[PDB]
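Right, one structure below, let's go through it.
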Amino acid sequence: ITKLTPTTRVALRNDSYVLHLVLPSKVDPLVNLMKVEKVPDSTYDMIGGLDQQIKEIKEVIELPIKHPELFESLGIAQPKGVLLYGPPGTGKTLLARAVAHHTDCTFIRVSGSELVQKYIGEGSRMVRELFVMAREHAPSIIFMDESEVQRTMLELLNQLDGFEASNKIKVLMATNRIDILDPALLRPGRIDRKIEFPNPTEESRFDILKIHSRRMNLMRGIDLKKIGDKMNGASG
Amino acid sequence: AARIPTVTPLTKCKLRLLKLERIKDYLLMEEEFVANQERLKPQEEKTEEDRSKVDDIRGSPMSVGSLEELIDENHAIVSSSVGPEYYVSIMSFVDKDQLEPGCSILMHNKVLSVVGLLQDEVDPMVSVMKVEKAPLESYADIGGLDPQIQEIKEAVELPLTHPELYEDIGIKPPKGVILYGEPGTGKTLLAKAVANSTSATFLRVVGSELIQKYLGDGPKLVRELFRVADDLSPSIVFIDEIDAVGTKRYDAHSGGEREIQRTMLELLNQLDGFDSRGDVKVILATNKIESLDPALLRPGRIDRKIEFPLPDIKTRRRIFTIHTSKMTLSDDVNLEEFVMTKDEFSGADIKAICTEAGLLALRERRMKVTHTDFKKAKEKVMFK
Amino acid sequence: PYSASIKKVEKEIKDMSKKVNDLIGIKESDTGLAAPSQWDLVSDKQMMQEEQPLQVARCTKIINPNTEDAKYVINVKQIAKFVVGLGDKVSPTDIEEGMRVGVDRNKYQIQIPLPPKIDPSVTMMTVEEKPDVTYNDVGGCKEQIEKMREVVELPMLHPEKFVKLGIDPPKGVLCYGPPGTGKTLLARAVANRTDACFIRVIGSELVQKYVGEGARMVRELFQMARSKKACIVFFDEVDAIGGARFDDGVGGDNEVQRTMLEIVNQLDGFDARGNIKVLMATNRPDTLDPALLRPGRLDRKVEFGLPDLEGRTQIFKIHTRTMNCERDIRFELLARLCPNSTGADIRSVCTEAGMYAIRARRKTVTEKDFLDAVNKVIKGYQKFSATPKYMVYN
Amino acid sequence: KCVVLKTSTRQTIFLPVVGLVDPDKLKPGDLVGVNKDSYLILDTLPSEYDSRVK
Amino acid sequence: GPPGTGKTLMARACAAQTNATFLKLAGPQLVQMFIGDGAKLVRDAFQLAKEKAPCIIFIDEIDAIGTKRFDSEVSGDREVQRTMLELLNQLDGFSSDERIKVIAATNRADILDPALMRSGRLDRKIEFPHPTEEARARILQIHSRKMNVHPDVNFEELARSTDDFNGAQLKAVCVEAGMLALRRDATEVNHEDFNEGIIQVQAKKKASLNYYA
Ligand SMILES: Nc1ncnc2c1ncn2[C@@H]1O[C@H](COP(=O)(O)OP(=O)(O)OP(=O)(O)O)[C@@H](O)[C@H]1O
Ligand SMILES: Nc1ncnc2c1ncn2[C@@H]1O[C@H](COP(=O)(O)OP(=O)(O)O)[C@@H](O)[C@H]1O
């Protein structure tokens, strides 16, 4: 009986509907939601020109991952809020992906759709639906793309602010126009730390080119420096 | 089980011994009367023959049905889980106390007669709002104001502290207490202490959570919160961010203003409706009470008014000495220097400054916090 | 002296009680099972009688019979329609067309009729228990009390004068007044006062989701009322069900108009409700539709306002009937110290006076305590006060 | 000379022979009685509209 | 016409007048959560009406389905407009019938959809106004047909005192007087009784009548 996992499939007789055998691997709703998301798995070595932001995100969240006793010696509270802001999709999305990649955390980024709602709950009255999926997968992180968006984010922040008794839970919301965000979400205790994605320059585009063209079939001799010079810092 | 509730003696008097002897004699007489039934006409095991006969009589495969009406005389009307309405009767073990619409009634497999009831362990609305563990430490962790700590205690805990003091005075606890204060005033910190000290059930309600996207939904959510909290147990349910009733407009809800208005009317009805809600207390807080519906505040629905101001220059000292209790801060700086740094430094400001100083100390992996860390945290907190 | 002698003996008896009760069988906690000493009848005969004798006889809906013969028609909401017939244990006068009944599970013949389905949405909305609000506890509105009794109680109390007089009793009553002025405090009074069923239709309890899914609730409530002998349906917050029709441009705020129209139709005209008296209570009646307030449906238009000089005194005398206060208190001076306050405000003032007295050391309320409570409840909480924004009824 | 009818259970079945009443007796859109056992149309239900209109 | 200018009275008179079967349909009554279920309920209504050729069908509160159509994406009661269109189609036009007559009662003709008043659907538009002075006394004579009052009431005088009152309220004044008469325990109704009832029907409480003498 114990081996028979609740919310799992076991064989059932027909004339009797008596147990016949277990069912191995029927389904995981969180895995299905993630597959619907189709997250772009990345790698920390493929991060483009945001090294300091890389350590900041590491020092922001990952520190209480490979060393949970770091803040205990100093007696400081666990950081809660981290957001990605700046030019849209300037690599901030890629930086977030690489964060989980090098950190091994459960990535879940939502856009407030309705198809995924079929896996969180029947009605999804409150925003606690996602937490239930995360609540059993503690090694998880939360990412949210760029007015009800703040309302869901407002509830999440309030949820993971002392009311959520679970420790080692990370949520990161990414959007543009930080001066246009919700003033209620601008409370000093909500956003534990802030990181922006400034438009890369030529000094930054060189590594961006080295990463992007790495997978292409170039011609003997590249001379990408001049092209990057022709690139007047457009975006990531 | 509940054989005798008389414990008034609470001593070694002969009355307690006599009562115990009488109870023992009655139990022995009952046991002797019962034993002879099996000695003379056992006629069966009475331990497993009855259970086996019940299992073989009631349909072995019991389905998940749903009771929808009440028929006292060996009858019941329900709908088949496929959909076909049934006229299943009542069985011998019916114990017809859960005869309410919704509880699945299990019928037989041979004749589909009511076999068993459906134990319910869901309460979705209550679960999506039930506090499992204490949020924070005792009331001492709030710090500084305690003008409502006594007031809030009298409003909630004092009724639960020893409800004879208000009984001896000939009155019932205050209706409700609405905590309105400046942004980040610590209202949520007050609910933290309320929960860490609370004794009865507590429900947490996100302010926007009352406004749903489908027209008519919001009133249903309010009625469901009222049913869950009231029908569950004595409760202290805090609907935080009440200003979200009409302040914020979202395109998700089909209805316009006449939907937030309907939700507010339903909330008012659920607070002071046409029945006895029972022993239920409400403690709501808001940061912009200037727009809250006037009817939802008239004495009789929300009784106690509590205002939370920013931490005082004398209270700021306790706030700082509290939020930095376990920090290994170096004696290089004096907190009073930053105590007057901000002209209107609220309670959240002190916590933000402490967190920023800790983070800055962390970036260098140093063991203590220096004055420069606090100086650099102060600008990053207030100035942005 | 024998501290351990008695505790050990008591513990032994307590343990033996369970050790002997477990020998008959109360244990094995089930998930909805009755006591083995509660289903004893059905062991070999009763179960073989409660089970073998009867059949499920699934219930369905009838359409109509066909003349020239029994020629009844069987129809299933979710299974199928079919030409069927009743059983040998039914009468042919009761062949109601469109009647919920069960048919022989095998013979597919209706063997048992049934009462109409209850639609638990409007079945849960019955009082079934009058509130604890009595006439002596709602003082301050004696004229309104008499007016409401003449419509709900007096006409039904001695239905001999109205027949002799030769005039139809007044139809209903609408109580519109400033918020907190005592509307529900009297509706609970009406409920605990008479004996006829009172249906509480919370103004929000009628706005349904689907298009027209709400009006159907009005018809259900009206039928459940007319089914009984005499009913009095009290609807509160009547400002939500429907205010008026003002459609302009894109269709908005119209769905509530259909609900209000359905409520009116079941209330007036076309074989009206008859033995059902309406008792509504709006708090902002300014938006009430002209058709609903038009006499003949809600003829009485009683209004409940703030007690002027003696209403406050009566409220103090009533709401303070169980408060330990000094006998030398001058309540009338308090009633003169509250220029325009609501009755709920008076009850809250009595409460706050109790709390302040219990605050520091006292055991009985003091006149100065009530004075200080007035200074905060009325003079301190006056910022909103809920009165000024609704006094004009807008 | 053909018979076409659909059951009240989202099931459609036809009989090569009309039944008790010849096709002259019946017309399209009609609602009649058929055998649940033999799946044979026995008689014709005269008429019944929804009780709501009734 | 007005809320109580009288349409239910005319309908009830027409019902007992003709020697046929009258069809009673409630304005909002013909709707359903199902997509177009109201269309089917209206088609069955028209068929049942055709059942007995001699018959009249009255669609009271025609404003429920007669709501003017709107132009909006989200909402607009598309089902209600569908029911209105079904009623229009069943009324006259393609495969109409001339066997019965339908009497409709609407309280606000402005909200009525333009199609609902298109000759074929409705031919004779009759607006019922409130009795001014003479029908104001006729209403009192009728509604007080069985009321027993001594010959001390001037029906015309009360009619002149009842200014801009509706027929429903006019008759309700009689009920208010009858209830006040029961309060007085007397046997007949005095002119002062009807005068007080007229005042009670207005529902205008006097409070320190000094600002306006
Ligand atoms: N005349 C009165 N006698 C006794 N209690 C009264 C009276 N008027 C008001 N109350 C008090 O008012 C409360 C119930 O009335 P309530 O405030 O619900 O009236 P209401 O007008 O229906 O309010 P709302 O319209 O805002 O819902 C109780 O505390 C009751 O004791
Ligand atoms: N002593 C204190 N007094 C007031 N607020 C405090 C105190 N200590 C901490 N806080 C802060 O008060 C906040 C509690 O939430 P609250 O201020 O009610 O938020 P909001 O007003 O936006 O709902 C937290 O940010 C917490 O860190």
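All chain C residue numbers match Swiss-Prot; in order, they span 33-426.
Technique stated in the header: electron microscopy, 3.3 Å.
Each Cβ is built from the backbone N, Cα and C atoms, and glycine gets one as well.
What Swiss-Prot annotates here:
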BINDING   C:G209, C:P210, C:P211, C:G212, C:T213, C:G214, C:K215, C:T216  ATP binding site
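Report note: the ATP site is defined by C:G209, C:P210, C:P211, C:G212, C:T213, C:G214, C:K215, C:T216, and the residues of the same chain whose CB lies within 8 Å of the CB centroid of those residues, excluding them, are C:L217, C:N315, C:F336, C:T374, C:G375, C:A376. With a threshold of 8 Å between Cβ atoms, the binding-site residues C:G209, C:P210, C:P211, C:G214, C:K215, C:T216 that neighbour chain B are C:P211, C:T216. On its own chain, C:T216 (ATP binding site) has C:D268, C:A313 as residues at least 6 apart in sequence with a Cβ closer than 8 Å to its own Cβ.
Under the DSSP three-state reduction, C:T216 (ATP binding site) is assigned to helix. Closeness to ligand 1 is met by C:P211, C:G214, C:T216, these being the binding-site residues among C:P210, C:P211, C:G214, C:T216 whose Cβ falls under 6 Å from the molecule. Note on C:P210 (ATP binding site): other Cβ atoms within 10 Å of its Cβ, all shown chains, come to 25. If you take the C-beta of C:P211 (ATP binding site) and look for same-chain residues 6 or more apart in sequence within under 8 angstroms, you find C:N315, C:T374, C:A418, C:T419, C:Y422. In this view, C:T213 (ATP binding site) is surrounded by 26 other Cβ atoms within 10 Å of its Cβ, with every protein chain counted. In three-state terms derived from DSSP, C:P211 (ATP binding site) belongs to neither a helical nor a strand segment and is classed as coil.
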